[PDB]
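Trainee: Questions regarding the structure given below will be posed in turn.
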Amino acid sequence: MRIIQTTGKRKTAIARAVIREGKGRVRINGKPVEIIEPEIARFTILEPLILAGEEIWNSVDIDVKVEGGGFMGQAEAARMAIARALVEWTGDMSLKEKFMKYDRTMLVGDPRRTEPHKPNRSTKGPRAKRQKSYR
Amino acid sequence: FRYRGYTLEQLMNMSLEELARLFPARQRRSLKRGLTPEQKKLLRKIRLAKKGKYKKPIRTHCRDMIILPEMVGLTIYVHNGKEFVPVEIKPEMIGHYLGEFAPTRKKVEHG
Amino acid sequence: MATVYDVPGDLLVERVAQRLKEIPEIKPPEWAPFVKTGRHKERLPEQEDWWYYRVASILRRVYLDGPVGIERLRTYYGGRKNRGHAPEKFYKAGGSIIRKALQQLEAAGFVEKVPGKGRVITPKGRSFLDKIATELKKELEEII
Amino acid sequence: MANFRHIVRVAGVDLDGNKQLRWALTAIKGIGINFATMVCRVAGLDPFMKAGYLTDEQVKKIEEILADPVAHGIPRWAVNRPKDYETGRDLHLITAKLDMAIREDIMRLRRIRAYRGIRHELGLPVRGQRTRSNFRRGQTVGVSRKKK
Amino acid sequence: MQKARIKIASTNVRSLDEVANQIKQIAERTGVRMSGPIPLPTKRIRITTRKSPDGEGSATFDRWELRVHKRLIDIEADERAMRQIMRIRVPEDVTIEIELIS
Amino acid sequence: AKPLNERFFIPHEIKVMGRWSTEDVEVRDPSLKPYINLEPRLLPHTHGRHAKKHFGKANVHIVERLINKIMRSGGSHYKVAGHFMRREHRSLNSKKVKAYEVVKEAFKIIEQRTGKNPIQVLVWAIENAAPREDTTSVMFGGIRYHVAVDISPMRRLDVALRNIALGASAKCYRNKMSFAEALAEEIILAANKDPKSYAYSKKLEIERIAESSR
Amino acid sequence: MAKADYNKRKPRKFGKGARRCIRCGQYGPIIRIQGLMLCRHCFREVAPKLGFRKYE
RNA sequence: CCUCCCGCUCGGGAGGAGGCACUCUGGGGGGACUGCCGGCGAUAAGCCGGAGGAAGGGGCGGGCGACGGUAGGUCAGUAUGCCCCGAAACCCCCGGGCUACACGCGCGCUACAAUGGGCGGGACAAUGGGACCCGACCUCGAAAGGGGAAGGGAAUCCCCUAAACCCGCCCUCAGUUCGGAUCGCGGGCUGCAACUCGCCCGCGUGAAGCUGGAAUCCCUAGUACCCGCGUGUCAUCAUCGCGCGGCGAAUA
C-alpha cells in the first residue's frame, strides 16, 4: 500500500490527513463523515471528491483529523487537504489544474488569518472610537 | 397572625437555635456567626433597663442588628449620622433590621 | 459492524431512550421532572423521553471520556440564566438529574465507578450500545 | 378531545381561555407558568393541549390542589409563600390572598416607620439604587404591579 | 547512576541558548549519556497597561511582553558528574533546576 | 432527516443547496454574463474573500451576494441559545451562518409554489429589480444639474439584490412573513415585475424620475 | 492628659485601602499585584530597568 | 503485539506496548527585489497591466511622533518653588455620606419575537490565569453551595463548558410562552459586619417598550457586522478597561 501525509490549513482549522489504499473510509476526528449536523459544510468537503470522481474515492481510505474551531472552519480545512491528498496520489497535472480553474481555496490557504484588537480610546473592538457629540 | 411569631413570650424562651428556622437567611447569619465587641456592651444596657443598676437610656450606632423578642419594649436611640432618632420597638418588628427604623437621610420633598 | 462513532446523534438518541423504557431497568423517578429540574425551563415537560435522553447521553459520554465527573456533566449541557439587562452568562444544570442518573445506570450494570476515582463503562454498558448502533447503522444504508 | 368549550371557569368564577392550559392559569393571579405545570401532574392531564377541552370533573381536581398544595406534594420552596409572617408553615397565594398579604406587610412597615415602607410611598425602588434620572422623560416604572 | 533533569529557564533569548548549547557540549564527552536540550513553551506574560496618568482624551495603551523560555535536559550521570557540568558561568538571569531520581 | 441525506447524495453530483442543478438556467443577456456566478458551483459560504481587487466582487456566488445583503441590519447586543436573539434581527444583527438557512428555506418556499429551479426565478428577479437609468444630483463646473446617468451591469445587480433585500424587511416586520417566506414572495414577484414587489416599485420610479430630469 | 497608643487600629482586612506600593505610598491609586506593588504611573517609569519590552 | 465491544466474519472503534511521523513548541535559516515581461511616462524617477508562485509592487498589523502650542491636563501618584494650618485645614475612632432625585445630557448594555422560545441530541476553539490559589473525582443538597479528596509553582494537572451552528420534536405571532422593571417570601456565599448599599438560586409578582423628530457618530477586509471566551484590578459591586478565537460582508 502507501502512506502520503499532507496538511490543509484555513483560518486556523489545521487538518491532519492521511491517504492510504483500502475500501472507501471517510474518517473525521474519529467519526464517519455521517455524524455532522449541518448539511451544508459537508457538501463543501464533497466538492473535490466529485470533481476527480467517485472511482478514486471508493478505492482510497481517507482519515483526517481537523482540530479547528469552526464548523465551516473544519470543513474548509477538510476541502483544501483531500484535494491535495488526491493530487499527490495520482500525480498528474490534470487533477491539479482542474482544481485551480474551479477555485483557489482547494490549493491555496490564505496569506492572512486574524488581527489584534487595538488598544483604542476606551471602547469595544479593534477598529472603533468612542462616540462624539461635543460640537 | 397578630403579633409576629408563635407568641411574644415563647420567643424569649426559645432564643439560641429555635428562632433560626423562623427567620430570613440574613438575620440567621449575624446571630449565628455572632456580632462585634460594641454589640457586647449593648447587652449590659438592655439588662440595666429591664432590672437592677441605674438604667442608661440605651443609645446605639447598631444599624446591622435584627430585632429579637427580648428587646421588645425599650425606647432605642439610633444615631442617624447627625443625631439620635427614637423608636418604640413592637412585636411586629421581629425579623427586620434596626437601621431600617431610624433614618439614613433627612425626609423632605425633591425640587 | 458499528460503534457509537458510526451513527448520527439525532437517530441514536430515540433508539437508546426506547431501549431504556423496554429493558426496563432505568425509569423516571417522580421528584426529578416535577420541580427538581436543570436551571430555568420556559416550561417543564411531563415526558419519559425527557428522562430517557438525559441518560441516553450519559452512556455515550462515559464511552468517549474516562473519569467523567458530576461537575463536568452539569456544565456539558448548554443553557443560561438571566441577570437582567446585564447580558446572560454560562451556568450549569441540576445535579439531581445527573447524580440519580449515573446511580440508575450503576444498579443496571451499564456504568461502574473505577478505583482511580471517576466513571467508566462496563462491558454490559458497552454491548447494550454496539447492538443498538449495529441496528441504527444498518437502517441508514436502506433509507434514501 | 374531552368536550369542547371556549370558556370553562377555573379557580372560582375567574375565566379559563382557549390559549393553552399552562398559559390560561398564569393569568389567574397566584398560579404562574411553572406552578401551572406542577398541578397538571398531580391532577393527570396532557400539558400541551388547548384550554377549554375539560369536562366538569377536571375543574374540581385543580380547585383542591390550589386550596392546600402542601398536602398533595409540591416542595417547600416550589410552593408560593413558604414560612409566612413568622408562624404559618406554608400557605397558598391566589388573586385575593396575594393582593392582601403584600398590602398587609406594606401596611405593617409604614407603622413601623422603616426605610422600606415610606420608600414604597415616595416612588422609588429600595435596593435597585438609582433614582438619579431613570424613569426618564416624565416616565415611570409603575412600581407594583399592573398597567394593562 | 541517577537520571537528573536540568530544567533551565531564562527571561531572554540569547542567554538561554548559550547555556543550553554549552551544557550539551561539555556533558557529551565523559561518563554521561545525555538526551537532547528540548524547548518547552514561552509562557509569554502580557501586562496590558494604561499609559496616560490623566486617563484622558485618547490614551494610548502599552502592551508588555515578558517572555520566559524553558529548555529541559535529561542526563544519566552521577551527582559528581553533575557539578562538573554546573561549573559554567551562566547569564545573570538563568534559572537552573535540578530534580534527582534513580 | 432521510430527505436531508438525499440532499447530501444530490449536491455531490453537482447541485446548489442539495437539489438545484446549476445547468437548469442560462444567462441569455451578454451584459449580466461576466457579472454573475450562476455558472460556477456548489456552496455560497465559501469565504473566498472579495473586494480584494477592482472587480473582486463580480465572481461572488449570486446566492452569497444574496446572503450578506440579506444579513445586513446589526448593532452591539448578544445572541446565544439561552433566552437570547436580536442580536440577529429582521436581517442578521449577526452572521451569514444563520442567514444561509433563511435563503435555503426561501429557495424551498419559492420552489414549492413556482415548481421551477428556483435559481431560474431569482436570476430572473436580479435582471428586473435593477433600474436601467438613475439621476445623480451631479454638478460639474460649479453648475448644479440633475442628470441622465446610465447604469453599469455591476451597479445594476447591486441595486437589484439590495432593493429585493430592502423590500422584504418592511413586510416581515412583526408579521407572519418570515424572511424565508417574505424573501420567497419577493423573489417570485421581482422575477415577474409584478405590482407587488417593493423592489420593482423603486426600479421603475428611479428610471421615471430620471427620465423627467434628463 | 494620659492615653494609650494609636497608629491606626481599625479593620483593613482587604480591598484597596489594604494595599500600599513600594514607591509612592498610596491606597486607592494603582497596585499591580504580581509581586510588583507600584502604581501604573511608576510602572511606566521603572520598566526599562525591569526588562519589560515596549514592543507589542 | 495485547485487553475490551460489536459484527453481515467483509470489517468499525477505544486502551497499553510501541513509534517520533504529524500537529505543535521556540531557536535559527531561506523566500519578494519592480527581479523578469508589456504599456503609460523625458529611454530617468514613478504609475499601470501580465506570467510564474504560498505570498507581491509601502505584502500585511503594531511599536516608533521633530522644533513647538493650546499658559490644555495633573501640585489629589511621586518629585518640587511659594503660601497656609498648628488640639487645629492635624490625629484616632464608630456611624452616616459618595449608592441622595421633579428633571436635563453624554457614553454604553439589554430590547421591541417565527432569520422565533422550550426540550433533547450531536460537532467544534483560542489568549490566558491558577498556592490560604485553580480545583479532578466522589458524595449530600432542587440549586446557589456544603463535606470529603487526587494533581498541579505548570507544553505533562485544573478553571473548561466555547458560544454562534445543525437535526428532530412540542409550541403557532399576542404586548403574548415577548420583555424583564417592580414587589412578598424562602435560601447560599464573603467579611466583624452586605438596612442604607452585594450577587446568585427557587416560587409567586410581571412595569415601560410593538422599530423611534429635529439632529448626529463610527468604520474601508479577515476589517466592519456578528457570537462567545479569558485576564487585569481582584473577598464583594464589571451593562467597565485590556485581550482572544468562531461566522464573515457592503461601498469606496
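No value in this document is a laboratory result; all are computed from the given coordinates. As a convention, Cβ positions derive from the backbone with ideal geometry for all residues, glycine included, and neighbour counts pool all protein chains shown.
For every residue, the table says whether it meets (1) under 28 Å from G:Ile31 (Cα atoms); (2) more than 9 Å from RNA strand H (Cβ to nearest atom).
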residue: E:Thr11; (1), (2): yes, yes
residue: E:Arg50; (1), (2): yes, no
residue: E:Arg63; (1), (2): yes, no
residue: E:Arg67; (1), (2): yes, no
residue: E:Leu72; (1), (2): no, no
residue: E:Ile85; (1), (2): no, yes
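Trainee: Give all pairs with beta carbons closer than 6 Å in which a residue from the stretch F:79-95 that is in contact (Cβ under 8 Å) with a residue 60 or more places away in the chain and within 6 Å of RNA strand H (Cβ to nearest atom) meets a residue that is part of a loop (DSSP other than H, G, I, E, B) and polar (S, T, N, Q); count only pairs at least 6 apart in sequence or on separate chains.
Mentor: Qualifying pairs under 6 Å: F:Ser91/F:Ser73.
Trainee: A further question follows. Have a look at B:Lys106, B:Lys41 and point out the one that is part of a loop (DSSP other than H, G, I, E, B), more than 12 Å from chain D (Cβ to nearest Cβ), surrounded by fewer than 18 Cβ atoms within 10 Å (Cβ to Cβ) and free of Cβ contacts under 8 Å to residues at least 24 places away in the same chain. Steps first, answer last, please.
Mentor: Numbers: B:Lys41 fails: part of a loop (DSSP other than H, G, I, E, B).
None of the other options fit; the residue is B:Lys106.
Trainee: Which members of the stretch C:25-61 meet the condition of being near RNA strand H (Cβ under 8 Å from one of its atoms), of a type in the set (A, V, I, L, M) and within 14 Å of chain D (Cβ to nearest Cβ)?
Mentor: Scanning the stretch C:25-61 gives C:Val35, C:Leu44.
Trainee: Given the condition more than 9 Å from every other protein chain (Cβ to nearest Cβ), more than 7 Å from RNA strand H (Cβ to nearest atom) and in a helix (DSSP H, G or I), answer yes or no: does some residue in the stretch A:101-122 qualify?
Mentor: Within the stretch A:101-122 (the criterion being more than 9 Å from every other protein chain (Cβ to nearest Cβ), more than 7 Å from RNA strand H (Cβ to nearest atom) and in a helix (DSSP H, G or I)), the answer is yes, since at least one residue qualifies.
Trainee: Something else about it: Working carefully through the options D:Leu93, D:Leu45, find the one that is buried (at least 17 other Cβ atoms within 10 Å of the Cβ), farther than 30 Å from B:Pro86 by Cα, within 11 Å of RNA strand H (Cβ to nearest atom) and not hydroxyl-bearing (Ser, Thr, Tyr). Before the answer, list the steps.
Mentor: Numbers: D:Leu45 fails: within 11 Å of RNA strand H (Cβ to nearest atom).
Only one candidate qualifies: D:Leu93.
Trainee: When the stretch D:1-42 is examined, which residues are found to be buried (at least 16 other Cβ atoms within 10 Å of the Cβ), among the β-branched types (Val, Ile, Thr), within 14 Å of RNA strand H (Cβ to nearest atom) and part of a loop (DSSP other than H, G, I, E, B)?
Mentor: D:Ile28, D:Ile31
Trainee: Let me ask something else. Do we find a residue being part of a strand (DSSP E or B) and within 14 Å of chain C (Cβ to nearest Cβ) anywhere in the stretch D:77-87?
Mentor: So the first thing to find is which residues in the stretch D:77-87 are part of a strand (DSSP E or B), and the list is D:82-84.
Remaining after also requiring within 14 Å of chain C (Cβ to nearest Cβ): D:82.
Checked against the condition, which is being part of a strand (DSSP E or B) and within 14 Å of chain C (Cβ to nearest Cβ), the stretch D:77-87 yields at least one hit.
Trainee: Right, another one. Out of the residues in the stretch A:53-89 meeting the condition of being assigned to a strand (DSSP E or B) and of a type outside the set (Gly, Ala, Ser), tell me which one is surrounded by the fewest Cβ atoms within 10 Å (Cβ to Cβ). Please lay out each step first, then the result.
Mentor: Step one: of the stretch A:53-89, the residues assigned to a strand (DSSP E or B) are A:60-68.
In the following step, the residues that additionally are of a type outside the set (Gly, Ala, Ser) were identified as A:60-67.
Values: A:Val60: 19, A:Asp61: 15, A:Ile62: 22, A:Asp63: 16, A:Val64: 23, A:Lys65: 16, A:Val66: 23, A:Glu67: 12.
This residue is A:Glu67.
Trainee: Next up: Take the conditions outside any loop (DSSP other than H, G, I, E, B), near RNA strand H (Cβ under 10 Å from one of its atoms) and away from chain A (no Cβ under 14 Å) and apply them to F:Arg174. Does it pass?
Mentor: Values: outside any loop (DSSP other than H, G, I, E, B): no; near RNA strand H (Cβ under 10 Å from one of its atoms): yes; away from chain A (no Cβ under 14 Å): yes.
No; evaluated as a whole, the condition is false for this residue.
Trainee: Exactly one of (1) closer than 27 Å to D:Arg41 by Cα; (2) loosely packed, with under 13 Cβ neighbours inside 10 Å; (3) more than 6 Å from RNA strand H (Cβ to nearest atom) is unmet by C:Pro115. Its number?
Mentor: In the conditions (1) closer than 27 Å to D:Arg41 by Cα; (2) loosely packed, with under 13 Cβ neighbours inside 10 Å; (3) more than 6 Å from RNA strand H (Cβ to nearest atom), C:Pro115 misses (1) alone.
Trainee: For the stretch C:13-24, check the following and say yes or no: at least one residue is touching a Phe, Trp or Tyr at 6+ places or on another chain (Cβ under 9 Å), more than 7 Å from RNA strand H (Cβ to nearest atom) and in a loop (DSSP other than H, G, I, E, B). Can you show your working first?
Mentor: So the first thing to find is which residues in the stretch C:13-24 are touching a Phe, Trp or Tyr at 6+ places or on another chain (Cβ under 9 Å), and the list is C:13-14, C:16-21, C:23.
So of that shortlist, the ones also more than 7 Å from RNA strand H (Cβ to nearest atom) come out as C:14, C:16-21, C:23.
Within this subset, residues satisfying the condition of being in a loop (DSSP other than H, G, I, E, B) are C:23.
Yes; the residues of the stretch C:13-24 include at least one that is touching a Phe, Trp or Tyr at 6+ places or on another chain (Cβ under 9 Å), more than 7 Å from RNA strand H (Cβ to nearest atom) and in a loop (DSSP other than H, G, I, E, B).
Trainee: While we're on this one: Has the stretch F:61-70 got any residue that is among the β-branched types (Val, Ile, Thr), out of contact with any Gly (no Cβ under 8 Å at 6 or more places or on another chain), closer than 30 Å to C:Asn82 by Cβ and within 13 Å of another protein chain (Cβ to nearest Cβ)? Before the answer, list the steps.
Mentor: As a first pass, look at the stretch F:61-70 and keep what is among the β-branched types (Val, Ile, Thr): F:62-63, F:67, F:70.
With the extra rule that they be out of contact with any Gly (no Cβ under 8 Å at 6 or more places or on another chain), the set shrinks to F:62-63, F:67, F:70.
Remaining after also requiring closer than 30 Å to C:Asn82 by Cβ: none.
No - not one qualifying residue is present in the stretch F:61-70.
Trainee: Sort out for me the strands (runs of 3 or more DSSP E) sitting completely within the stretch E:51-102 that have 1 or more residues that are within 14 Å of chain A (Cβ to nearest Cβ) and surrounded by 11 or more Cβ atoms within 10 Å (Cβ to Cβ). Lay out the reasoning, then the answer.
Mentor: Details: elements: E:61-66, E:69-77, E:95-101.
Qualifying strands (runs of 3 or more DSSP E): E:61-66.
Trainee: Just to verify a result, which residue in the stretch F:76-125, among those that are small (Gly, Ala, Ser) and surrounded by fewer than 20 Cβ atoms within 10 Å (Cβ to Cβ), is nearest to F:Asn163 (Cα to Cα)?
Mentor: Keep residues of the stretch F:76-125 that are small (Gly, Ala, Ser), which gives F:76, F:81-82, F:91, F:94, F:99, F:106, F:115, F:125.
Right, trim to surrounded by fewer than 20 Cβ atoms within 10 Å (Cβ to Cβ) and you get F:76, F:81-82, F:94, F:115.
On the way: F:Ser76: 25, F:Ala81: 31, F:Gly82: 34, F:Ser94: 20, F:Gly115: 24 Å.
My answer is F:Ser94.
Trainee: Could you tell me which numbered condition G:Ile22 fails, if it satisfies all but one of (1) under 20 Å from E:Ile47 (Cα atoms); (2) near RNA strand H (Cβ under 6 Å from one of its atoms); (3) out of contact with any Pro (no Cβ under 6 Å at 6 or more places or on another chain); (4) not charged (D, E, K, R)?
Mentor: The number of the failed condition is (2).
Trainee: Would you be able to tell me the number of residues in the stretch F:64-78 that are within 6 Å of RNA strand H (Cβ to nearest atom) and part of a loop (DSSP other than H, G, I, E, B)? Before the answer, list the steps.
Mentor: Start the filter on the stretch F:64-78 by keeping residues that are within 6 Å of RNA strand H (Cβ to nearest atom), which leaves F:64-65, F:68-69, F:74-78.
Okay, now just the ones that are also part of a loop (DSSP other than H, G, I, E, B), so F:74-78.
Matching residues across the stretch F:64-78 total 5.
Trainee: Separate question: Is one or more of the residues making up the stretch C:91-112 more than 30 Å from D:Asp46 (Cα to Cα), near RNA strand H (Cβ under 6 Å from one of its atoms) and in contact with a helix residue (DSSP H, G or I) (Cβ under 8 Å, 6 or more places away or on another chain)? Talk me through it step by step, then tell me what you get.
Mentor: Going through the stretch C:91-112, the residues more than 30 Å from D:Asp46 (Cα to Cα) turn out to be C:91, C:106-112.
Now narrow it down to the ones that are near RNA strand H (Cβ under 6 Å from one of its atoms): C:91.
Still in the list and also in contact with a helix residue (DSSP H, G or I) (Cβ under 8 Å, 6 or more places away or on another chain): none.
For the stretch C:91-112, residues more than 30 Å from D:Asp46 (Cα to Cα), near RNA strand H (Cβ under 6 Å from one of its atoms) and in contact with a helix residue (DSSP H, G or I) (Cβ under 8 Å, 6 or more places away or on another chain): absent.
Trainee: Among the residues of the stretch C:62-90, count how many are outside any loop (DSSP other than H, G, I, E, B), more than 6 Å from RNA strand H (Cβ to nearest atom) and either more than 10 Å from chain F (Cβ to nearest Cβ) or of a type in the set (S, T, N, Q) (or both).
Mentor: 5
Trainee: Are any of the residues in the stretch F:46-57 within 9 Å of chain A (Cβ to nearest Cβ), in contact (Cβ under 8 Å) with a residue 24 or more places away in the chain and surrounded by 14 or more Cβ atoms within 10 Å (Cβ to Cβ)? First the steps, then the outcome.
Mentor: Initial filter on the stretch F:46-57 (within 9 Å of chain A (Cβ to nearest Cβ)): F:46-49.
Among the residues that remain, those that are also in contact (Cβ under 8 Å) with a residue 24 or more places away in the chain are: none.
No.
Trainee: Sort through F:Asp158, F:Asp134 and tell me the only one that's assigned to a strand (DSSP E or B), within 16 Å of RNA strand H (Cβ to nearest atom) and away from chain A (no Cβ under 14 Å).
Mentor: Details: F:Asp158 fails: assigned to a strand (DSSP E or B).
Exactly one of F:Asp158, F:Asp134 is assigned to a strand (DSSP E or B), within 16 Å of RNA strand H (Cβ to nearest atom) and away from chain A (no Cβ under 14 Å), namely F:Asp134.
Trainee: Moving on. Need the failing condition index for D:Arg113 against (1) closer than 25 Å to B:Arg2 by Cβ; (2) within 14 Å of chain C (Cβ to nearest Cβ); (3) surrounded by 15 or more Cβ atoms within 10 Å (Cβ to Cβ); (4) of a type in the set (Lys, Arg), just the number.
Mentor: Going through (1) closer than 25 Å to B:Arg2 by Cβ; (2) within 14 Å of chain C (Cβ to nearest Cβ); (3) surrounded by 15 or more Cβ atoms within 10 Å (Cβ to Cβ); (4) of a type in the set (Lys, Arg) one by one, D:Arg113 breaks only (2).
Trainee: If you go through the stretch G:29-48 one residue at a time, how many are within 8 Å of RNA strand H (Cβ to nearest atom) and either among the charged types (D, E, K, R) or more than 14 Å from chain E (Cβ to nearest Cβ) (or both)?
Mentor: Of the residues in that region, 2 qualify.
Trainee: Taking the stretch A:10-52, which residues are more than 16 Å from A:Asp63 (Cα to Cα), surrounded by fewer than 17 Cβ atoms within 10 Å (Cβ to Cβ) and away from chain F (no Cβ under 12 Å)?
Mentor: A:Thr12
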